[PDB]
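Below: one structure, written as structure tokens.
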Amino acid sequence: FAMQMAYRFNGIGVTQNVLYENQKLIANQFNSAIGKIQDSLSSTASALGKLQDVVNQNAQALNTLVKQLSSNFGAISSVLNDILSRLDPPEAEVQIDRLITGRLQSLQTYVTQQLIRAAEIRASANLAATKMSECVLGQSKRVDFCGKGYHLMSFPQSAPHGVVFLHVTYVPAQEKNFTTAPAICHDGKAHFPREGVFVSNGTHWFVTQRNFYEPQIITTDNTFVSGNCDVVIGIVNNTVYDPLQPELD
Amino acid sequence: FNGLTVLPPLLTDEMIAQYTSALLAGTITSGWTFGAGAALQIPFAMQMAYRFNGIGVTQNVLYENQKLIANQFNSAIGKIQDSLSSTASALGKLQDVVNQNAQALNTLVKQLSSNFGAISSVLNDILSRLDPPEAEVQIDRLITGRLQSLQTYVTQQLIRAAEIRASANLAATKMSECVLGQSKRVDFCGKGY
Amino acid sequence: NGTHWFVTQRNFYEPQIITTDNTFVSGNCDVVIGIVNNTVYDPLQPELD
Amino acid sequence: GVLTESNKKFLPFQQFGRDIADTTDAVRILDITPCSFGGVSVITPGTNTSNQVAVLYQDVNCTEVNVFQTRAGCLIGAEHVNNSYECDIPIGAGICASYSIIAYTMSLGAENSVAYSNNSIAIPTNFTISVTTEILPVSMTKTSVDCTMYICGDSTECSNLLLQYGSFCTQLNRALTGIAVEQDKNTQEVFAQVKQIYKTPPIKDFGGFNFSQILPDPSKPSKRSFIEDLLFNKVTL
Amino acid sequence: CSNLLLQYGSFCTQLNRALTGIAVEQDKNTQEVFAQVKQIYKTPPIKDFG
Ligand SMILES: *[C@@H]1O[C@H](CO)[C@@H](O)[C@H](O)[C@H]1NC(C)=O
Ligand SMILES: *[C@@H]1O[C@H](CO)[C@@H](O)[C@H](O)[C@H]1NC(C)=O
Ligand SMILES: *[C@@H]1O[C@H](CO)[C@@H](O)[C@H](O)[C@H]1NC(C)=O
Ligand SMILES: *[C@@H]1O[C@H](CO)[C@@H](O)[C@H](O)[C@H]1NC(C)=O
Ligand SMILES: *[C@@H]1O[C@H](CO)[C@@H](O)[C@H](O)[C@H]1NC(C)=O
Ligand SMILES: *[C@@H]1O[C@H](CO)[C@@H](O)[C@H](O)[C@H]1NC(C)=O
Ligand SMILES: *[C@@H]1O[C@H](CO)[C@@H](O)[C@H](O)[C@H]1NC(C)=O
Ligand SMILES: *[C@@H]1O[C@H](CO)[C@@H](O)[C@H](O)[C@H]1NC(C)=O
Ligand SMILES: *[C@@H]1O[C@H](CO)[C@@H](O)[C@H](O)[C@H]1NC(C)=O
Ligand SMILES: *[C@@H]1O[C@H](CO)[C@@H](O)[C@H](O)[C@H]1NC(C)=O
Ligand SMILES: *[C@@H]1O[C@H](CO)[C@@H](O)[C@H](O)[C@H]1NC(C)=O
Ligand SMILES: *[C@@H]1O[C@H](CO)[C@@H](O)[C@H](O)[C@H]1NC(C)=O
């Protein structure tokens with residue numbers, strides 16, 4: 001699991017060493033987040049509002065149909081047995097006609113809303129299946145599709161009529177200011193980082209990664225040359241370490 | 001004036017504009033960091049270089065053709081301005097939705113003035129004109145007709161509401177992906193890379 | 001182009017001299033279909049000299 | 001209605017004047033303007049916290065009839081404050097209410113100005129592992145309605161009368177069956193992504209990560225995890 | 001007519017509930033589309049974007 005978590009860190013652009021230096025911290029943070037979710041589910045109510053809302057909508061539709069079953073619809077009585085036992089075949093036939101028209105209209109209306117709700121639930125289920133496929137069976141690069149931040153993974157759980165996704169994600173924090181430059185001028189040549197960012201703490205220049213502060217000395221291994229210092233806007237003069245001269249000398 | 005009212009939206013135009021302005025400011029100043037948490041300042045040239053790296057172009061191309069890229073972007077924005085100012089029917093979807101809702105409302109209003117088999121379509125004439133029994137049966141006919149019309153209007157309104165909800169979900173997905181970050185999906189956020 | 005072989009990026013024409021730094025070796029050249037003969041620059045020999 | 005002086009010009013042969021909807025607008029010259037009417041809504045914070053409520057008259061300028069005027073109408077019974085808070089009870093047109101009852105303008109969010117400048121960046125030096133709960137409905141309760149029994153209720157004459165009304169009952173039954181099988185298919189496609197039922201190893205050594213609270217528990221309450229048990233106990237059927 | 005309609009049934013309540021649900025749905029769509037970010041950002045006074 002540590003190697004898988006390191007792979008997922010690589011997915012969000014964070015190297016493995018960041019994880020392996022702070023594996024215990026990451027595990028503790030994950031456990032604390034799980035405990036916080038536990039506490040929220042135990043104490044805070046209405047956390048399953050969508051499922052409660054759809055269940056209440058279905059129950060309200062059923063109750064409305066039941067109540068509408070007890071309507072006169074312009075007839076003498078709302079119950080069919082009394083009309084059958086009280087009226088002659090012609091008048092009883094007319095009353096039954098009125099009652100059937102009313103009840104059929106009500107049933108058609110209920111079926112129409114049931115079909116609309118079924119279409120909405122089908123759309124929601126398709127979204128849930130897409131989330132399960134793209135976040136539980138793999139790492140999703142889509143922004144805010146499976147949580148706020150850089151998505152790491154997701155865990156599925158059942159619910160009486162739904163699915164609960166626990167999205168584990170990476171959030172940057174404890175940010176610091178730095179001075180940057182598009183490229184570095186050395187020996188009349190412009191050097192751009194392979195991957196990362198050029199930063200300065202005030203006196204010295206380093207190269208690191210965008211999503212984490214891991215300063216490293218400027219080297220020809222992590223930089224590439226693509227011309228001179230006359231076209232890049234914002235060039236900054238600095239030396240570039242060559243890890244070959246000390247070995248030769 | 002016949003029981004039909006238009007409820008004002010909760011979010012007014014000014015607050016929606018403020019949302020869009022805040023999103024644009026976050027995108028220009030930070031790019032995609034503000035969508036994943038706290039906003040992080042970036043000179044927006046290195047952010048554009050990062051986007052070029054994402055699409056598969058090295059940062060040197062942008063750092064050598066920044067002036068050309070900026071000029072092309074400004075020209076494209078000006079072209080969009082000219083198209084929105086001169087060319088009409090550029091907002092056909094919103095106009096179609098508005099006309100659809102207006103046509104539904106007008107159709108309901110016109111249906112409000114139908115005989116439905118009655119002597120007259122004016123209820124007050126029937127009430128001040130006729131004695132309780134057959135006036136009541138005529139009112140019943142009018143009620144059946146008007147209830148049928150209002151029910152079918154509500155049904156089509158629900159269908160259009162479902163369509164609008166699907167469109168809004170698509171728009172929210174686009175805002176989350178195209179605006180708050182860089183999307184690798186082909187043709188999801190415009191033709192090309 | 002007509003005679004000389006370079007290595008570039010997929011979405012832009014930025015030709016560069018073929019070098020062991022931007023290329024990787026995997027097996028012999030008797031299996032790859034369509035391989036061509038060309039020299040590969042080693043940026044260590046001039047440094048030694 | 002209300003009789004008003006009319007600026008409209010009526011020809012000598014004209015007696016009534018109708019606007020759109022073919023309804024009477026002017027009568028010989030006085031314009032007919034229906035007197036003030038509209039909807040009435042009640043804003044309450046819940047019977048538990050208090051019994052105080054506010055009354056909202058929408059599309060009505062209640063100067064004719066703690067009064068506050070808004071684009072959504074007018075509110076009575078709630079004080080208007082010049083501050084801004086998160087929207088608790090949405091009234092409309094940017095106006096919300098909360099709990100005495102206070103009516104205010106919804107605050108869009110915290111206002112900050114990022115320190116943008118060239119050759120300057122902000123880089124994080126730490127990380128947070130955040131787990132967010134997201135709930136998606138997968139299916140709803142499957143219901144079947146017997147149209148003949150619902151409309152009639154064990155009556156042969158009603159059944160004969162319904163028989164020659166057409167095959168509406170068959171259409172409704174087919175629609176309900178389609179809805180039920182659609183719910184079943186939705187549940188299957190959501191929860192049957194994998195064709196193999198994998199089992200965790202008896203030893204749980206995941207580098208310090210602890211999943212015993214999301215894995216099934218030894219108590220075996222229908223073989224549901226602790227979080228799943230909480231989720232099931234939170235919804236009342 | 002009001003007495004006759006209340007004798008007819010209770011369709012009006014269902015219709016009003018459907019309309020209210022549609023309005024709340026529209027408000028939800030607007031909120032989810034436009035209120036994704038919880039913090040309002042202001043562009044700096046200096047317009048230096050390269
Ligand atoms: C910047 O970092 C270098 C090495 O990490 C250190 O020698 C120097 O004192 C630092 N300067 C400031 C201003 O922090
Ligand atoms: C930053 O902007 C200032 C003035 O706006 C300019 O003098 C300076 O050269 C710029 N630096 C970079 C790296 O763009
Ligand atoms: C960088 O160095 C070159 C030559 O060493 C010089 O011409 C140029 O002015 C320098 N630039 C700065 C900003 O010091
Ligand atoms: C190909 O490019 C190389 C290097 O620019 C040049 O020496 C050579 O003459 C070119 N050949 C042709 C046919 O253009
Ligand atoms: C391409 O096809 C031709 C035959 O049309 C063949 O002579 C040549 O060797 C092929 N080259 C490669 C690289 O496949
Ligand atoms: C490449 O060189 C080898 C030996 O140096 C030779 O056997 C082979 O035929 C050459 N390739 C071609 C396409 O001629
Ligand atoms: C009001 O809600 C609180 C929730 O903390 C509950 O403890 C209390 O019993 C409720 N009061 C009534 C009268 O229901
Ligand atoms: C309500 O009426 C008053 C005077 O009758 C007027 O000043 C006010 O502007 C009206 N309200 C609106 C929203 O126009
Ligand atoms: C405080 O709110 C009231 C609204 O009742 C407003 O009239 C007043 O101007 C506000 N005070 C300010 C903005 O200083
Ligand atoms: C440094 O960063 C903080 C936020 O991290 C920002 O408010 C400030 O403007 C930056 N610049 C300084 C302190 O010079
Ligand atoms: C990062 O934050 C954690 C707490 O979440 C803290 O224990 C750790 O020391 C921090 N690391 C740094 C380098 O500030
Ligand atoms: C996981 O957490 C639970 C409760 O927090 C605890 O009882 C259990 O021992 C933990 N597992 C491990 C391996 O620490």
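Chain labels follow the order of the structure tokens: the first chain is A, the next B, and so on; residue numbering restarts at 1 in every chain, and ligands are counted from 1 in their shown order.
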Counting only C-alpha atoms, which residues of chain E come no farther than 8 Å from chain D, as a ChimeraX atom specification? /E:38-44,48-49
Could you write those residues out with N, CA and C atoms, as a short mmCIF file (atom, residue, chain, number, x, y, z; two decimals), in the first residue's frame?
data_model
loop_
_atom_site.label_atom_id
_atom_site.label_comp_id
_atom_site.auth_asym_id
_atom_site.auth_seq_id
_atom_site.Cartn_x
_atom_site.Cartn_y
_atom_site.Cartn_z
N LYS E 38 -15.51 29.32 -2.64
CA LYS E 38 -16.04 29.93 -1.43
C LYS E 38 -15.34 31.24 -1.07
N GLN E 39 -14.30 31.63 -1.80
CA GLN E 39 -13.55 32.85 -1.52
C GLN E 39 -13.57 33.74 -2.75
N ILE E 40 -13.80 35.03 -2.54
CA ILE E 40 -13.84 36.01 -3.63
C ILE E 40 -12.46 36.61 -3.80
N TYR E 41 -11.89 36.46 -4.99
CA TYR E 41 -10.56 36.96 -5.30
C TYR E 41 -10.66 38.23 -6.13
N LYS E 42 -9.78 39.19 -5.84
CA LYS E 42 -9.72 40.45 -6.56
C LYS E 42 -8.43 40.54 -7.36
N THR E 43 -8.54 40.98 -8.60
CA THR E 43 -7.36 41.17 -9.43
C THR E 43 -6.51 42.30 -8.88
N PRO E 44 -5.18 42.20 -8.96
CA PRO E 44 -4.33 43.27 -8.45
C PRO E 44 -4.51 44.53 -9.26
N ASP E 48 -0.10 43.50 -15.01
CA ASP E 48 1.15 43.02 -15.58
C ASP E 48 1.06 41.50 -15.68
N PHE E 49 0.55 41.01 -16.81
CA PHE E 49 0.35 39.59 -17.03
C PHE E 49 1.20 39.07 -18.18
#
Neighbours of ligand 7 at 12 Å or closer, counting only C-alpha atoms and all ligand atoms: which residues, as a list in words? residues 43, 44 and 45 of chain A; 45, 46, 47, 48, 49, 50 and 51 of chain D
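Closest approach to residue 186 in chain D from the set A:92, A:128, A:107, A:136 is made by A:128, with distances taken over only C-alpha atoms.
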Cut-off 12 Å, only C-alpha atoms and all ligand atoms, neighbours of ligand 3 as number ranges by chain: A: 181, 184-190, 228-230, 233-239
Let me see if you get this right: every residue at most 10 Å from ligand 10, counting only C-alpha atoms and all ligand atoms, written as a PyMOL selection string. (chain A and resi 173-178) or (chain B and resi 38-41) or (chain D and resi 112-117+120-124)
Tell me as a PDB file with N, CA, C and O atoms, in the first residue's frame which residues belonging to chain B come within 8 Å of chain D, counting only C-alpha atoms.
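Saved file out-v2.pdb follows:
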ATOM      1  N   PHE B   1     -51.412  37.920 -14.078  1.00  0.00           N
ATOM      2  CA  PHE B   1     -52.622  38.526 -13.533  1.00  0.00           C
ATOM      3  C   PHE B   1     -53.701  37.475 -13.300  1.00  0.00           C
ATOM      4  O   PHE B   1     -54.757  37.768 -12.741  1.00  0.00           O
ATOM      5  N   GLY B   3     -53.058  34.422 -11.644  1.00  0.00           N
ATOM      6  CA  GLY B   3     -52.382  33.481 -10.780  1.00  0.00           C
ATOM      7  C   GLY B   3     -50.998  33.074 -11.234  1.00  0.00           C
ATOM      8  O   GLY B   3     -50.381  32.217 -10.587  1.00  0.00           O
ATOM      9  N   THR B   5     -47.172  33.964 -11.622  1.00  0.00           N
ATOM     10  CA  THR B   5     -46.161  34.879 -11.114  1.00  0.00           C
ATOM     11  C   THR B   5     -44.776  34.344 -11.443  1.00  0.00           C
ATOM     12  O   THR B   5     -44.585  33.145 -11.656  1.00  0.00           O
ATOM     13  N   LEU B   7     -41.102  34.208  -9.836  1.00  0.00           N
ATOM     14  CA  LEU B   7     -40.300  34.406  -8.635  1.00  0.00           C
ATOM     15  C   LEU B   7     -38.893  34.851  -9.018  1.00  0.00           C
ATOM     16  O   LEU B   7     -38.266  34.227  -9.881  1.00  0.00           O
ATOM     17  N   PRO B   8     -38.370  35.921  -8.415  1.00  0.00           N
ATOM     18  CA  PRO B   8     -37.014  36.350  -8.747  1.00  0.00           C
ATOM     19  C   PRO B   8     -35.998  35.315  -8.305  1.00  0.00           C
ATOM     20  O   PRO B   8     -36.189  34.631  -7.285  1.00  0.00           O
ATOM     21  N   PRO B   9     -34.902  35.159  -9.045  1.00  0.00           N
ATOM     22  CA  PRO B   9     -33.879  34.187  -8.646  1.00  0.00           C
ATOM     23  C   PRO B   9     -33.184  34.600  -7.360  1.00  0.00           C
ATOM     24  O   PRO B   9     -33.064  35.786  -7.040  1.00  0.00           O
ATOM     25  N   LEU B  10     -32.728  33.592  -6.610  1.00  0.00           N
ATOM     26  CA  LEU B  10     -32.001  33.861  -5.373  1.00  0.00           C
ATOM     27  C   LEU B  10     -30.698  34.600  -5.648  1.00  0.00           C
ATOM     28  O   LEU B  10     -30.360  35.561  -4.947  1.00  0.00           O
ATOM     29  N   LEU B  11     -29.954  34.168  -6.662  1.00  0.00           N
ATOM     30  CA  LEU B  11     -28.691  34.799  -7.030  1.00  0.00           C
ATOM     31  C   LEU B  11     -28.967  35.841  -8.107  1.00  0.00           C
ATOM     32  O   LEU B  11     -29.345  35.496  -9.232  1.00  0.00           O
ATOM     33  N   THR B  12     -28.780  37.112  -7.766  1.00  0.00           N
ATOM     34  CA  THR B  12     -28.996  38.180  -8.728  1.00  0.00           C
ATOM     35  C   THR B  12     -27.840  38.242  -9.724  1.00  0.00           C
ATOM     36  O   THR B  12     -26.821  37.559  -9.586  1.00  0.00           O
ATOM     37  N   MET B  15     -24.343  39.356  -8.228  1.00  0.00           N
ATOM     38  CA  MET B  15     -23.587  38.343  -7.497  1.00  0.00           C
ATOM     39  C   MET B  15     -23.039  37.262  -8.422  1.00  0.00           C
ATOM     40  O   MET B  15     -21.949  36.736  -8.175  1.00  0.00           O
ATOM     41  N   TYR B  19     -19.170  36.288  -8.781  1.00  0.00           N
ATOM     42  CA  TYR B  19     -18.636  34.927  -8.845  1.00  0.00           C
ATOM     43  C   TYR B  19     -17.717  34.744 -10.044  1.00  0.00           C
ATOM     44  O   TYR B  19     -16.613  34.196  -9.919  1.00  0.00           O
ATOM     45  N   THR B  29      -4.436  34.800 -11.547  1.00  0.00           N
ATOM     46  CA  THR B  29      -3.389  34.950 -10.545  1.00  0.00           C
ATOM     47  C   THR B  29      -2.800  33.614 -10.107  1.00  0.00           C
ATOM     48  O   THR B  29      -1.608  33.547  -9.787  1.00  0.00           O
ATOM     49  N   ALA B  39      -5.143  29.675  -2.798  1.00  0.00           N
ATOM     50  CA  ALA B  39      -4.599  30.243  -4.023  1.00  0.00           C
ATOM     51  C   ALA B  39      -3.105  30.507  -3.877  1.00  0.00           C
ATOM     52  O   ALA B  39      -2.632  30.936  -2.821  1.00  0.00           O
ATOM     53  N   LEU B  40      -2.361  30.246  -4.950  1.00  0.00           N
ATOM     54  CA  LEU B  40      -0.919  30.451  -4.984  1.00  0.00           C
ATOM     55  C   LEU B  40      -0.586  31.368  -6.151  1.00  0.00           C
ATOM     56  O   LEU B  40      -0.921  31.061  -7.299  1.00  0.00           O
ATOM     57  N   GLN B  41       0.079  32.483  -5.858  1.00  0.00           N
ATOM     58  CA  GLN B  41       0.400  33.453  -6.894  1.00  0.00           C
ATOM     59  C   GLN B  41       1.413  32.883  -7.882  1.00  0.00           C
ATOM     60  O   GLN B  41       2.291  32.094  -7.524  1.00  0.00           O
ATOM     61  N   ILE B  42       1.272  33.286  -9.140  1.00  0.00           N
ATOM     62  CA  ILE B  42       2.165  32.860 -10.215  1.00  0.00           C
ATOM     63  C   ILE B  42       2.150  33.950 -11.282  1.00  0.00           C
ATOM     64  O   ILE B  42       1.087  34.515 -11.569  1.00  0.00           O
ATOM     65  N   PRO B  43       3.301  34.302 -11.878  1.00  0.00           N
ATOM     66  CA  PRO B  43       3.339  35.445 -12.807  1.00  0.00           C
ATOM     67  C   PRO B  43       2.504  35.278 -14.070  1.00  0.00           C
ATOM     68  O   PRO B  43       2.498  36.167 -14.928  1.00  0.00           O
ATOM     69  N   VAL B 109     -52.005  30.693 -21.037  1.00  0.00           N
ATOM     70  CA  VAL B 109     -52.888  31.851 -20.928  1.00  0.00           C
ATOM     71  C   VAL B 109     -54.003  31.777 -21.966  1.00  0.00           C
ATOM     72  O   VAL B 109     -55.169  32.060 -21.667  1.00  0.00           O
ATOM     73  N   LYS B 110     -53.663  31.401 -23.201  1.00  0.00           N
ATOM     74  CA  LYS B 110     -54.678  31.255 -24.241  1.00  0.00           C
ATOM     75  C   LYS B 110     -55.641  30.117 -23.922  1.00  0.00           C
ATOM     76  O   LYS B 110     -56.850  30.238 -24.153  1.00  0.00           O
ATOM     77  N   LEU B 112     -56.557  29.270 -21.091  1.00  0.00           N
ATOM     78  CA  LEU B 112     -57.439  29.744 -20.029  1.00  0.00           C
ATOM     79  C   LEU B 112     -58.759  30.293 -20.563  1.00  0.00           C
ATOM     80  O   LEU B 112     -59.733  30.381 -19.807  1.00  0.00           O
ATOM     81  N   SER B 113     -58.828  30.643 -21.846  1.00  0.00           N
ATOM     82  CA  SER B 113     -60.008  31.264 -22.438  1.00  0.00           C
ATOM     83  C   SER B 113     -60.676  30.353 -23.466  1.00  0.00           C
ATOM     84  O   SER B 113     -61.066  30.794 -24.548  1.00  0.00           O
TER      85      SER B 113
END
For range 27-42 of chain C, please output as a PDB file with N, CA, C and O atoms, in the first residue's frame all residues within 9 Å (counting only C-alpha atoms; exclusion window: fewer than 2 positions along the same chain).
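Output below, filename selection16.pdb:
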ATOM      1  N   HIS C   4      20.127  14.686 -42.893  1.00  0.00           N
ATOM      2  CA  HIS C   4      20.545  14.659 -41.499  1.00  0.00           C
ATOM      3  C   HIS C   4      19.386  14.257 -40.598  1.00  0.00           C
ATOM      4  O   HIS C   4      18.239  14.646 -40.833  1.00  0.00           O
ATOM      5  N   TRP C   5      19.697  13.485 -39.561  1.00  0.00           N
ATOM      6  CA  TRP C   5      18.702  12.967 -38.631  1.00  0.00           C
ATOM      7  C   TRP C   5      18.776  13.730 -37.317  1.00  0.00           C
ATOM      8  O   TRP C   5      19.857  13.874 -36.735  1.00  0.00           O
ATOM      9  N   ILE C  17      20.312  17.472 -32.066  1.00  0.00           N
ATOM     10  CA  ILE C  17      21.244  16.412 -32.429  1.00  0.00           C
ATOM     11  C   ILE C  17      20.952  15.174 -31.593  1.00  0.00           C
ATOM     12  O   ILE C  17      20.751  15.260 -30.375  1.00  0.00           O
ATOM     13  N   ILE C  18      20.913  14.012 -32.252  1.00  0.00           N
ATOM     14  CA  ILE C  18      20.647  12.764 -31.547  1.00  0.00           C
ATOM     15  C   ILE C  18      21.769  12.497 -30.556  1.00  0.00           C
ATOM     16  O   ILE C  18      22.955  12.530 -30.906  1.00  0.00           O
ATOM     17  N   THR C  19      21.395  12.227 -29.308  1.00  0.00           N
ATOM     18  CA  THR C  19      22.348  12.104 -28.217  1.00  0.00           C
ATOM     19  C   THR C  19      21.882  10.990 -27.288  1.00  0.00           C
ATOM     20  O   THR C  19      20.694  10.670 -27.221  1.00  0.00           O
ATOM     21  N   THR C  20      22.838  10.386 -26.577  1.00  0.00           N
ATOM     22  CA  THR C  20      22.494   9.375 -25.584  1.00  0.00           C
ATOM     23  C   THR C  20      21.659   9.945 -24.445  1.00  0.00           C
ATOM     24  O   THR C  20      21.030   9.178 -23.709  1.00  0.00           O
ATOM     25  N   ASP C  21      21.642  11.270 -24.280  1.00  0.00           N
ATOM     26  CA  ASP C  21      20.871  11.874 -23.198  1.00  0.00           C
ATOM     27  C   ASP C  21      19.374  11.810 -23.473  1.00  0.00           C
ATOM     28  O   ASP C  21      18.584  11.520 -22.567  1.00  0.00           O
ATOM     29  N   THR C  23      17.918   9.777 -25.761  1.00  0.00           N
ATOM     30  CA  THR C  23      17.565   8.490 -26.341  1.00  0.00           C
ATOM     31  C   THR C  23      17.911   7.381 -25.359  1.00  0.00           C
ATOM     32  O   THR C  23      18.814   7.525 -24.529  1.00  0.00           O
ATOM     33  N   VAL C  25      18.430   2.946 -24.982  1.00  0.00           N
ATOM     34  CA  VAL C  25      18.831   1.756 -25.721  1.00  0.00           C
ATOM     35  C   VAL C  25      18.046   0.561 -25.199  1.00  0.00           C
ATOM     36  O   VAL C  25      17.916   0.378 -23.982  1.00  0.00           O
ATOM     37  N   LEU C  44      30.475  12.894 -23.830  1.00  0.00           N
ATOM     38  CA  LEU C  44      31.469  12.630 -22.799  1.00  0.00           C
ATOM     39  C   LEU C  44      32.865  12.589 -23.407  1.00  0.00           C
ATOM     40  O   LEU C  44      33.845  12.965 -22.756  1.00  0.00           O
ATOM     41  N   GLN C  45      32.962  12.137 -24.657  1.00  0.00           N
ATOM     42  CA  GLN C  45      34.258  12.094 -25.332  1.00  0.00           C
ATOM     43  C   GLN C  45      34.876  13.475 -25.515  1.00  0.00           C
ATOM     44  O   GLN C  45      36.067  13.637 -25.196  1.00  0.00           O
ATOM     45  N   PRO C  46      34.167  14.494 -26.020  1.00  0.00           N
ATOM     46  CA  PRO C  46      34.784  15.832 -26.079  1.00  0.00           C
ATOM     47  C   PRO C  46      35.161  16.381 -24.716  1.00  0.00           C
ATOM     48  O   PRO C  46      36.166  17.093 -24.602  1.00  0.00           O
TER      49      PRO C  46
END
Closest of B:32, B:55, B:175, B:132 to chain C - atom-to-atom distances counting only C-alpha atoms: B:55
